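In: Here is the input, now give the coordinates:
(3 chains)
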Amino acid sequence: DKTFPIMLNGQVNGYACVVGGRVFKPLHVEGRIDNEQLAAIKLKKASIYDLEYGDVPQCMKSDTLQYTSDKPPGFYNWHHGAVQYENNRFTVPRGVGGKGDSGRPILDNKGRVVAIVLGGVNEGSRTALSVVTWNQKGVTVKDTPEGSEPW
Amino acid sequence: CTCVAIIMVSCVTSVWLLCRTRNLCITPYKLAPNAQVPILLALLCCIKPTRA
Amino acid sequence: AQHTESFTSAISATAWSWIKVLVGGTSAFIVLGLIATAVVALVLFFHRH
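Out: Numbers count the residues shown, from 1 in each chain, chains lettered A, B, ... in the order given. This is the structure:
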């Protein structure tokens, strides 16, 4: 794939994804991007939908194809494991869910992006992820678990 | 004082009866978290709507 | 003067029409604004489920 780290005094505190049409970057993190061609991106704030301005030209466009609605509950390619559910996130095991790795995409079997993680450092014996999802026709929904700290 | 006693003895037959039906509105639906409530009883007839 | 001038003794019918237009229309222009934020909140709430 193609995802970028955000530098803050030499350390990683977030991951910025790119989808065909608009780039993405979480609101709770800050720093400088690691690209010269992404250094001219007009940064702007938004609501909890996590909307950034994808002003990148045609040179690196069509990177990650968007996945539509009617998502099956089957296998999904998380970067540090796998997620198998549709309505909410599958209970990933312990160990994963640290800090500074926000915005990591959850891919599909065909390499298509379907959600972007936002928070949930720890819930207890399991770990629930607060991701953005598209409900029935493509309207973007921000879904959160009870008491999920940003991550 | 009779006017404020009839009101206060009939205002306590409200919450004894309205909250009795409001418990019966929702208890066949917190027993079923995998089924969606009808939209008539979601807001109008019973107070509490669907959450997440 | 035989009479006693009051506070509203000078306002004509045409001058009170401009009072009601300048009050009624601009107050209702905030009611349209206030009803707009209570509608898209309901739309985004219905997108949650």
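
In: so residue A:119 makes contact with residue A:143?
Out: No. With contact defined as CB atoms under 8 Å, residue A:119 and residue A:143 do not form a contacting pair (11.0 Å). C-beta coordinates here come from the backbone N, C-alpha and C atoms, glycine included.

In: shared neighbours of these two, anything?
Out: With contacts defined as CB atoms under 8 Å, 6 or more residues apart in numbering or on different chains, the residues shared by residue A:119 and residue A:143 are residue A:130.

In: and residue 2, how many neighbours does it have?
Out: You didn't pick a chain, so chain A it is. 9 (other CB atoms under 10 Å in any protein chain shown).

In: that's the wrong chain, I wanted chain C
Out: Close neighbours of residue C:2, defined as other CB under 10 Å, add up to 3.

In: quick one, what contacts the spatially most central residue of chain A?
Out: Here the mean C-alpha position of chain A is nearest to the C-alpha of residue A:116 (CA atoms, centre = their mean), at a distance of 2.3 Å. Taking CB under 8 Å, 6+ apart, we find residue A:116 in contact with A:17, A:24, A:50, A:103, A:104, A:105, A:106, A:131, A:132.

In: roughly how far apart are the spatially most central residue of chain B and chain A?
Out: The structure's chain B has its C-alpha centroid closest to residue B:22; by CA atoms, centre = their mean the separation is 2.1 Å. The spacing between residue B:22 and chain A, counted by CB to the nearest CB, to the nearest Å, is 23 Å.

In: Can you classify the residue in chain B that chain C sits nearest to by secondary structure?
Out: Proximity of chain B to chain C (CB to the nearest CB) peaks at residue B:50, 5.3 Å away. At residue B:50 the chain is in coil, as set by DSSP: H, G, I helix; E, B strand; the rest coil.

In: isn't it right up against residue B:42?
Out: Yes. Applying CB under 8 Å as the test, residue B:50 and residue B:42 come out as touching, 6.1 Å apart.

In: Pull up the overlap in contacts between those two.
Out: Common contacts of residue B:50 and residue B:42, defined by CB under 8 Å, 6+ apart, are absent altogether.

In: and chain B, which of its residues are near chain C?
Out: Contact residues, chain B versus chain C (CB under 8 Å from any CB of the partner chain): B:50, B:51, B:52.

In: Return the residues in contact with residue A:84.
Out: Residue A:84 sits next to A:73, A:74, A:75, A:76, A:90 when contact means CB under 8 Å, 6+ apart.

In: show me where chain A has strands.
Out: Under the criterion DSSP state E, chain A contains strands at A:3-8, A:11-19, A:22-23, A:32-33, A:65-66, A:105-106, A:112-113, A:115-119, A:130-134, A:140-142.

In: Contacts only, for the residue in chain C positioned nearest to chain B.
Out: With CB to the nearest CB, the shortest gap between chain C and chain B falls at residue C:49, namely 5.3 Å. Taking CB under 8 Å, 6+ apart, we find residue C:49 in contact with B:50, B:51, B:52.

In: Same question for residue A:79.
Out: Here residue A:79 is in contact with A:104, A:105, A:106, A:107 (CB under 8 Å, 6+ apart).

In: run the last query once more with 10 Å
Out: Contact analysis of residue A:79 by CB atoms under 10 Å, 6 or more residues apart in numbering or on different chains lists A:1, A:3, A:15, A:96, A:101, A:104, A:105, A:106, A:107, A:117.

In: For the last one, give its distance to chain C.
Out: It refers to residue A:117. For residue A:117, the distance to chain C - CB to the nearest CB - is 18 Å.

In: didn't residue C:9 look like it was pressed against residue C:3?
Out: Yes. Using CB atoms under 10 Å, residue C:9 is in contact with residue C:3, at 8.7 Å.
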